[PDB]
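Here is the structure we will look at, set down as structure tokens.
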Amino acid sequence: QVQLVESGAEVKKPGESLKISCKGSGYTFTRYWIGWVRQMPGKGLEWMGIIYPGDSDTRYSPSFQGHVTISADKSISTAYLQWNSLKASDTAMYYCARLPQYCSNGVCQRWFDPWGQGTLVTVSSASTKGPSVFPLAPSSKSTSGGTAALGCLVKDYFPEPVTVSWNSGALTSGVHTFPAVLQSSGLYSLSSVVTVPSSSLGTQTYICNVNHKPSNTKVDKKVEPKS
Amino acid sequence: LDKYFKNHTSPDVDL
Amino acid sequence: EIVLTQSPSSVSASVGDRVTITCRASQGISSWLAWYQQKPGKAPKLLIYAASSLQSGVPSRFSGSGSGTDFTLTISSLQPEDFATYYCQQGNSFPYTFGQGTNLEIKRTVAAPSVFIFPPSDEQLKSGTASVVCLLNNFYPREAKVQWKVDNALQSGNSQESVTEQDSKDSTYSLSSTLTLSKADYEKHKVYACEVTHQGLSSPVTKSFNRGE
């Protein structure tokens with residue numbers, strides 16, 4: 001229905017410029033204010049600004065005025081957030097969101113609905129690195145009570161994020177994709193596990209689908225019982 | 001209408 | 001700017017309990033307060049707009065009230081899927097501001113972890129490194145202790161762990177711990193063991209394997 005689609009991840013070096021995008025569909029893009037919000041560490045959200053795509057009128061938070069530029073191309077129903085010169089501390093999840101409004105006599109009150117999925121922007125001097133993906137094979141040591149655990153270990157990547165699905169999204173019950181840890185090297189690792197019937201290990205196929213957009217890495221790893 | 005909806009209640013808003 | 005302060009900052013409650021979160025604004029914002037739910041790793045979702053209007057498709061256990069400077073979000077009968085961070089937001093005055101967020105967690109009965117262990121894959125060994133993984137599945141409460149033992153010697157300094165967010169269906173946690181060694185070191189020892197201590201367990205559970213077999 002109403003949807004805002006942004007990229008899930010962008011990685012740049014300090015001093016580089018960046019423009020991220022948010023494409024609206026399922027509504028008349030020119031008729032709604034649309035804006036950007038920054039995710040704060042742990043908890044918290046900071047509104048950055050809004051634009052009216054009908055005429056490109058903008059309003060910024062005082063915290064973000066002059067640090068970013070918001071723009072829009074109504075031809076392709078797309079809004080943008082841009083930095084001229086990135087800092088490492090600009091790293092964050094950024095959301096675009098539509099702002100429905102209620103007005104009387106030209107005075108408007110606004111909220112955010114709906115929100116895009118969020119774009120994780122990482123600014124770092126460190127090298128981008130694709131993950132190695134290893135099977136966590138089900139075995140006599142990961143089977144108990146009729147349940148088998150199996151998984152994938154996604155090791156030595158930078159930066160976040162990695163996405164993991166199982167069987168191209170058909171397998172979701174019992175999946176735990178863990179928060180990544182930061183290794184001593186400054187690389188990330190994570191594991192994704194699933195619990196399934198021990199009885200059908202012989203007949204079912206389990207494939208973890210790992211995507212690391214920053215390195216354009218896609219791995220499909222078939223996880224077979226230990227033999 | 002681009003101009004109208006800039007400062008009137010949005011099309012999907014009720015209450 | 002208008003500062004929004006949510007109270008409390010964290011709440012823990014049982015399935016079926018009434019939960020109430022308040023938002024106090026530094027100045028009057030009339031009725032122009034919205035409430036959002038945000039799950040870990042996901043975008044916020046609108047629950048309530050204009051103080052008391054329920055978003056379409058949002059369960060009726062959610063309700064908002066208030067005007068001026070004192071607003072309340074109420075969940076009448078808490079469900080496991082309500083685990084989230086909740087935010088209020090004023091849209092009356094520039095700049096638009098959000099509250100600091102309230103974390104809502106579910107209290108439930110104790111659940112012991114199911115413990116599983118995974119040797120390194122042959123594929124990883126080819127690359128010169130050996131990661132052994134210990135999984136603690138679906139336990140409550142979150143506090144758990146994992147110790148690694150290699151040939152019965154307690155390890156320090158060579159593992160990392162992480163815990164999941166609370167599960168949206170059963171309100172449990174899971175934990176993954178990885179022991180990482182060089183292939184050379186891995187090949188010099190036989191018995192690899194994960195030892196798990198948790199409230200749900202009478203005595204510590206050890207899961208182990210021999211590299212030999």
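Hydrogens, waters and symmetry mates are skipped; everything else that's a heavy atom, side chains included, is used. Letters A, B, ... are given to chains in the order of the sequence lines, protein chains preceding strands, and every chain is numbered from 1.
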Q.
So C:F62 and C:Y86, do their side chains get closer than 4.5 Å, heavy atoms only?
A. yes

Q: Work out which heavy atom in B:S10 is nearest to a heavy atom in A:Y32; give both atom names and the distance.
A: CB-CE2, 3.5 Å

**Q.** Near-ring test C:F98/A:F112, centroid separation under 6.0 angstrom
**A.** yes

**Q.** Verdict with supporting geometry, C:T102 and C:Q6, side-chain hydrogen bond (donor to acceptor under 3.5 Å, both in side chains)
**A.** CA-CA 7 Å; C:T102 295; C:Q6 300 183 213; 2.9 Å; yes

**Q.** Close aromatic pair by centroid cut-off 6.0 Å: A:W36 and A:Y60
**A.** no

(Q) Please determine whether ring pair (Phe, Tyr, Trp, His ring centres under 6.0 Å) holds for the pair C:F71 and C:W35, giving the CA-CA distance in whole Å, both sets of side-chain angles, and the decisive distance to 0.1 Å. (A) CA-CA 10 Å; C:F71 299 82; C:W35 292 96; 8.1 Å; no

Q | Partner of C:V133 under side chain to side chain contact (heavy atoms under 4.5 Å, CB included), chosen from C:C194, C:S177, C:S176 | A | C:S176

**Q.** Short side-chain donor-acceptor distance under 3.5 Å, C:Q90 and C:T97
**A.** yes

Q: Report yes or no: does C:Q155 contribute a side-chain atom to a donor-acceptor pair with the main-chain N or O of C:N158 at less than 3.5 Å?
A: no

Q | Non-hydrogen atoms of C:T20 and C:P8 that approach each other most closely | A | O-CD, 4.1 Å

Q.
Quick check: closest heavy atoms across B:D14 and C:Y49, and the distance to 0.1 Å?
A. O-OH, 3.5 Å

Q) Is any side-chain heavy atom of A:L190 less than 4.5 Å from a side-chain heavy atom of A:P179? A) no

**Q.** Donor-acceptor side-chain pairing of A:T143 and A:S198 below 3.5 angstrom
**A.** no

Q: On the 0 to 90° scale, with breaks at 30° and 60°, tag the A:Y188-A:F158 ring pair as parallel, tilted or perpendicular.
A: parallel

Q | Side-chain H-bond candidate by donor/acceptor type, C:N103 with C:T85, under 3.5 Å | A | yes

(Q) Test side chain to side chain contact (heavy atoms under 4.5 Å, CB included) on C:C134 and C:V115; report intermediate values, then the result. (A) CA-CA 7 Å; C:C134 182; C:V115 185; 4.0 Å; yes

Q | C:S162 side chain to A:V181 backbone, donor-acceptor under 3.5 Å | A | no

Q. Is the backbone of A:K43 close enough, under 3.5 Å, to the side chain of C:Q100 for a donor and an acceptor to pair up by distance?
A. no

Q | Minimum side-chain heavy-atom gap A:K12-A:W83 below 4.5 Å | A | no

Q. What are the two closest heavy atoms between C:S12 and C:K107, and how far apart are they?
A. OG-CG, 2.7 Å

Q. Any side-chain heavy atom of C:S7 sitting closer than 4.5 Å to one from C:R24?
A. yes

Q.
Please determine whether side-chain hydrogen bond (donor to acceptor under 3.5 Å, both in side chains) holds for the pair C:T178 and C:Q160, giving the CA-CA distance in whole Å, both sets of side-chain angles, and the decisive distance to 0.1 Å.
A. CA-CA 5 Å; C:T178 303; C:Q160 303 196 260; over 6 Å; no

Q: Report yes or no: does C:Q89 contribute a side-chain atom to a donor-acceptor pair with the main-chain N or O of C:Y96 at less than 3.5 Å?
A: no

**Q.** Check against salt bridge (charged side-chain N to carboxylate O under 4.0 Å, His left out), C:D82 and C:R61
**A.** CA-CA 10 Å; C:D82 300 335; C:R61 70 176 177 278; 2.8 Å; yes

Q. Is the backbone N or O of C:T180 less than 3.5 Å from a side-chain atom of C:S131, with the two atoms forming a donor-acceptor pair by type?
A. no

Q: Mark yes or no for whether C:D167, through its side chain, and C:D170, through its backbone, hold a donor-acceptor pair below 3.5 Å.
A: yes

Q. CG/A:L4 to CD/A:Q117 distance, rounded to the nearest 0.5 angstrom?
A. 10.0 Å

Q. From C:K39 NZ over to C:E81 CD, what is the distance, rounded to the nearest 0.5 angstrom?
A. 6.5 Å

Q) Does any N or O in the side chain of A:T91 come within less than 3.5 Å of the main-chain N or O of A:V123, such that one atom is a donor and the other an acceptor? A) yes

Q. Hey, mind stepping through A:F29 and A:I34 against side chain to side chain contact (heavy atoms under 4.5 Å, CB included) and telling me if it holds?
A. CA-CA 9 Å; A:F29 187 68; A:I34 186 163; 3.9 Å; yes

Q. Which atom names give the shortest non-hydrogen contact between A:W111 and B:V13, and what distance separates them?
A. CZ2-CG2, 3.8 Å

Q: Decide yes or no on ring pair (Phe, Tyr, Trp, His ring centres under 6.0 Å) for C:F94 and A:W47, but give the supporting numbers first.
A: CA-CA 10 Å; C:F94 290 114; A:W47 174 66; 5.7 Å; yes

Q) So, the side chain of A:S61 versus the backbone of A:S63: is there a donor-acceptor pair under 3.5 Å, distance only? A) yes

Q) CD/A:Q39 to CD/C:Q38 distance, rounded to the nearest 0.5 angstrom? A) 4.5 Å

Q: Can you measure from NE2 (A:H176) to CD (C:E165) and round to the nearest 0.5 angstrom?
A: 9.5 Å

Q) Below 6.0 angstrom between ring centroids: does that apply to A:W115 and C:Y36? A) yes

Q. Checking A:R98 against A:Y27: charged group under 6.0 Å from the ring centre and within 45 degrees of the axis?
A. yes

Q: State which residue, out of A:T69, A:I20, A:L18, fulfils the side chain to side chain contact (heavy atoms under 4.5 Å, CB included) condition with A:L81.
A: A:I20

**Q.** Sub-4.5 Å side-chain heavy-atom contact between A:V164 and A:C152
**A.** no

Q. Is it the case that more than 12 heavy atoms not belonging to C:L154 sit under 6.0 Å from its CG atom?
A. yes

Q.
Less than 4.5 Å apart, side chain to side chain, heavy atoms only: is that true for C:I106 and C:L104?
A. yes

Q. Donor-acceptor pair, C:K207 side chain versus C:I117 backbone, under 3.5 Å?
A. no

Q.
With rounding to the nearest 0.5 angstrom, report the CD to SG distance, A:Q101 to A:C108.
A. 4.0 Å

Q: Could you walk me through whether C:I48 and C:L54 pass side chain to side chain contact (heavy atoms under 4.5 Å, CB included), step by step?
A: CA-CA 5 Å; C:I48 305 285; C:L54 184 61; 3.7 Å; yes

**Q.** Sub-4.5 Å side-chain heavy-atom contact between C:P113 and C:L201
**A.** yes

Q | Atom pair OG/CD of C:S159 and C:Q147 - distance to nearest 0.5 Å | A | 10.0 Å

(Q) Looking at A:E16, I want to see if its CD is surrounded by more than 12 non-hydrogen atoms of other residues, nucleotides or ligands under 6.0 Å. (A) yes

Q | Check: A:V219 main-chain N/O paired with A:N209 side-chain donor or acceptor under 3.5 Å | A | no

Q) Of all heavy-atom pairs between A:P131 and A:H212, which one has the smallest distance, and what is that distance? A) CD-CB, 3.7 Å

Q | C:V132/C:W148 under side chain to side chain contact (heavy atoms under 4.5 Å, CB included): CA gap, chis, key distance, verdict | A | CA-CA 10 Å; C:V132 188; C:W148 285 100; 3.6 Å; yes

